[PDB]
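Residue-level listing of the chains:
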Amino acid sequence: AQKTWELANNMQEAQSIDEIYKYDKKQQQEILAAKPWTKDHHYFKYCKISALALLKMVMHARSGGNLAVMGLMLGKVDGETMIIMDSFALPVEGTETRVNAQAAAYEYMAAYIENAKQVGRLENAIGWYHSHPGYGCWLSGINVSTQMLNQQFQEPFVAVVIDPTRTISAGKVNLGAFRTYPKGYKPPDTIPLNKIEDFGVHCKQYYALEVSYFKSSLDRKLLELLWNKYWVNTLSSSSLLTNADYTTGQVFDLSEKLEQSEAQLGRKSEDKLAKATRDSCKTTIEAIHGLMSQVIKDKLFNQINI
Amino acid sequence: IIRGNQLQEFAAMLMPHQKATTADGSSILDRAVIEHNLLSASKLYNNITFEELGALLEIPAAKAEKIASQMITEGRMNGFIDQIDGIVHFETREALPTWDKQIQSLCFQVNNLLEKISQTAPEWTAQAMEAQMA
Amino acid sequence: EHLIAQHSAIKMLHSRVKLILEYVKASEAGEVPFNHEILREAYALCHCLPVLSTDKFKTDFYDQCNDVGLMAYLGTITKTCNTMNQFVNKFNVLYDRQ
Amino acid sequence: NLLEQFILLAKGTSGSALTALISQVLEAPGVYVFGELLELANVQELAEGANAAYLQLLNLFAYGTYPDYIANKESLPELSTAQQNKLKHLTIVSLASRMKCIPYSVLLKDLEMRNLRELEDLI
Amino acid sequence: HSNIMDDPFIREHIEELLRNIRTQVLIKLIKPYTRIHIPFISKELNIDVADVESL
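- The deposited coordinates, according to the entry record, derive from cryo-EM at 3.16 Å resolution.

Given below as structure tokens:
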């Protein structure tokens, strides 16, 4: 590998994967002083949840069984993205449809944050999460009310809803990050029927962020080196067939976005053509990545022994 | 696949009401075993003609097709029948999914073989791993 | 970020195969005792190495390659159109004929 | 593990008694690789005498196939119906290792079959 | 012929029947097949070849 891969890993220095784990205090102070989310309202669109935070939240949600559980999530912000670096449980007692956090959670919050600041946890609380055991991931009326209350005073705040029952029964995590609109502000204007069917009655009162996950380099190495079923599943992952339907849906809404961009460019100020081009480049890049994986597998397995 | 010669000792112990012919010359016993044979034969074949299907099940050409179409439409077996050329297609693999399955099996054999290597001569395996750096 | 994961998986497979080959060579030479079952399983592993080299597989692989090529073409066209719009917009305000 | 049973009973026997055990090995179902049995006093001294025919038969069952048996049918001893089925099964295994899509023409010629239906029953 | 094809309310509606049952038999029969002979359908429906094509 010599010079080629010597600086390509450089374990002495944090890689580009571990960049997000560094906390810049000055940048955080500058962004919270500027308050760019006050002018717009659909500002934050992405929620990046760390692997450990997602694992802890999922395990807490499942530990409650059929009873609701809740906790807080630490993190920061960067541009239009809300990054969640950790999560921590609350000592609350709830029923299958109601969790209150009466008097032991509020002392635990402050005491746990004070304890965490002692051992080098520079992040502050960024959100609150609770579980919906068996009725989807959505914001109820009181959930919307408390989200408004948290957002109006503690400005950066995202509500995460988990569903342990569907997570277990489907094999994939069911999670959703949401943000709400101010009281009596922004009433913007087959869709409504399904929208009220899967969301609550307050469909227009809150919006859903796009949830993505990340992990560090050490986490990636430990995970891929944990079991033998992780490199076997990489050499036979077979993309372009596991998620072909997602690709077709992306092409469809790409076509809709291209039509909108064509309509806009013929004559609020968003430059839709650039976003459509970015989406097209992204989906084409996933397609080419899948083809590269197939080519590598063919060269590795088929082209051996005549 | 159960042939008709190992069931003679089973039909003797059956209760008298279970040995009732269905007015077609075939008893109850050699109707469930026919359906079982056909369902098991769909796990060894990708397609089979009517004449050959009626060679291991008796029922040469006219009743094997009727039973085969009867098992389908009831959620009992997967397949479709091409009556023009007389062939029943059970399950066809799509090449590329088979390629990934065989890759998974090949990697499984690699892991299992190395497991026996480290289980038979553990002292040699440790020396080999350290020497892999050099 | 993707080729590195592929590289790590291939490196793990390469390490396993290298260790198996080293054991086979040691059995050939004499350092380790002759284990018939292990060598039989190694022979079976070697006999399966040309994985699915049939003509139908080749046709399906070519179909997949052509589909990805067309998906790349439609989208290379989109990027070129976006750059074209950008250049036209930048050119209009400079060489305006008013 | 079944071959290990015959191996221990064959650790000391020699002559006609040992050769009888060889026939039982080829007749026992589930014994398809005779690897450990072939590294015993058999190969050490069995190439001389009237029992050398069975030694050639054991080598044929471990490395050879059914076509390799027709060519030297005169030298090799007769085979019972149970033993012939095992030999035909190993012929299919050998063809499977070379190619993963075996045509019916190759199987019919090698196994000396004439009816397509009875070939599929064997497979 | 003395209890069914006597009143006008059953004899007139006996043609809507003897066709719904034949249609449902036809649908279930052709479920597993992909290429099926029309004369074969005629035997299973006890009607001539011409009427099977019309159905």
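### Here's the deal with the environment of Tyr 23 of chain A
All names here are of chain A.
Item 1. Residue position: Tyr 23 is located in the loop between α1 (2-9) and α2 (25-34).
Item 2. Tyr 23 sits 95 residues away from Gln 118 along the chain, and the two C-alpha atoms are 16 Å apart.
Item 3. Among residues more than four places away in sequence, those in contact with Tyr 23 are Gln 28, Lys 76, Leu 122 and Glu 123.

### Concerning the interface of chain A and chain C
Item 1. Taken together, the 34 residues of chain A in the interface contact 31 residues of chain C.
Item 2. For chain A, the biggest contributors to the area lost against chain C are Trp 231, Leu 291 and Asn 302 of chain A; these three give 17% of the whole.
Item 3. One can count zero salt bridges joining chain A with chain C.
Item 4. The interface formed by chain A and chain C contains five residue pairs in polar contact.
Item 5. Looking at the side of chain A that touches chain C element by element, the count peaks at 20 residues for helix α11 (residues 272-302) of chain A.

### Section: the environment of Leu 235 of chain A
Item 1. Among the structural elements, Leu 235 of chain A can be located in helix α9 (residues 232-235).
Item 2. Relative accessible area serves as the criterion here: at 1%, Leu 235 of chain A is assigned to the buried category.
Item 3. C-alpha separation for the pair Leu 235 of chain A and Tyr 207 of chain A, spaced 28 residues apart in sequence, amounts to 38 Å.
Item 4. Excluding anything up to four places from it in sequence, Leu 235 of chain A contacts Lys 297 and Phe 301 of chain A, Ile 103 and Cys 107 of chain B together with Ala 9, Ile 10 and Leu 13 of chain C.

### Digging into the interface of chain E and chain B
Item 1. Listed by partner, the interface residues are nine residues for chain E and nine residues for chain B.
Item 2. Across the chain E/chain B interface, buried area totals approximately 970 Å², and carbon plus sulfur atoms make up 56% of it.
Item 3. When the buried area of chain E at its contact with chain B is split by residue, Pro 32, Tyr 33 and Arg 35 of chain E rank highest and sum to 59% of it.
Item 4. Put simply, chain E and chain B have one salt bridge between them.
Item 5. The closest approach of N and O atoms between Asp 82 of chain B and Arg 35 of chain E, which form a salt bridge, is 3.5 Å.
Item 6. Across the chain E-chain B interface, the total number found is five residue pairs in polar contact.
Item 7. The leading source of residues in the side of chain E that touches chain B is strand β1 (residues 33-35) of chain E, at three residues.

Rules of the game
- Residues numbered from 1 in each chain as written, not as in the entry; some residues may be left out.
- Chains lettered and ligands numbered in written order.
- Part of a larger assembly, values for the part shown.
- Heavy atoms only, no water.
- Helix = DSSP H or I, 4+ residues; strand = E, 2+ residues; numbered from the N terminus.
- Contact = heavy atoms within 4.5 Å.
- Buried area = accessible area lost by both parts, 1.4 Å probe.
- Salt bridge = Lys/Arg side-chain N within 4 Å of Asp/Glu carboxyl O.
- Polar contact = N/O pair within 3.5 Å; in protein donor to acceptor, adjacent residues only side chain to side chain.
- Buried < 20%, exposed > 50% of the residue type's maximum accessible area, 1.4 Å probe, protein only.

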